[PDB]
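Below you'll find only one chain, the form deposited in one PDB entry, shown as structure tokens.
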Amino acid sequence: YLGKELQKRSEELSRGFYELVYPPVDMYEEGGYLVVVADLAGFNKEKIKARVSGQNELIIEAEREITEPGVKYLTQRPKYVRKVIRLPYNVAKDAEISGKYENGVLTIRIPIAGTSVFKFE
């Protein structure tokens, strides 16, 4: 079935672009924190990862399953997404990079070194 292999070729061609640019991202500083807000709709919370590369590069990663029947007309939605962000400051070592995922929107609060510790024993 060449038409099968074909469809696939066209899929990752069409989804290709969006796995590149997506997700759109906002970043700003408030309360002494570096906040990161990204439209990442329809993902499993457990299939979303992120880390800081040497104090300076936040890497966000997400994978999902996309399986739909026949007569595929449009296949834009990304399956794999990998966003690399340059951080304006150096993250507080022993970081507490918290994150909330609701309404498809991923929010990531990042402790700028020298602000707020928490929780002892």
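Definition used throughout: the rigid core is the maximal C-alpha set that superposes within 1.5 Å between two forms. Only residues modelled in both forms are compared. In this text, residue numbers run from 1 along the sequence as written.
A second form of this protein, the form solved in complex with a partner chain, is not displayed here; the remarks below concern that form.
Participant: Taking heavy atoms and a 4.5 Å cut-off, does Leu58 contact the partner chain in the deposited complex?
Facilitator: Contact with the partner chain, yes.
Participant: Consider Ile48 of the chain shown here, and say whether it contacts the partner chain in the deposited complex, taking contact as heavy atoms within 4.5 Å.
Facilitator: Contact with the partner chain, yes.
Participant: Has the Cα of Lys100 moved 2 Å or more between the shown form and the other one, judged after a core fit?
Facilitator: Stays below the 2 Å threshold, so no.
Participant: After the core is matched up, is the C-alpha of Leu20 off by 2 Å or more between the shown form and the other one?
Facilitator: It does not reach a 2 Å shift.
Participant: Say whether the C-alpha atoms of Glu12 and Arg82 sit closer together or farther apart in the deposited complex than in the form shown here, given that their separation changes by 3 Å or more.
Facilitator: Compared with the shown chain, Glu12-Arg82 is farther in the deposited complex.
Participant: Could you tell me whether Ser10 and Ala41 have their C-alpha atoms closer or farther apart in the deposited complex than in the shown form, knowing the shift is 3 angstroms or more?
Facilitator: Residues converge in the deposited complex, at least 3 Å closer.
Participant: Superposed on the rigid core, which segments of at least three residues move by 2 angstroms or more at the Cα between the shown form and the other one?
Facilitator: Only this run moves by 2 Å or more: 3 to 13.
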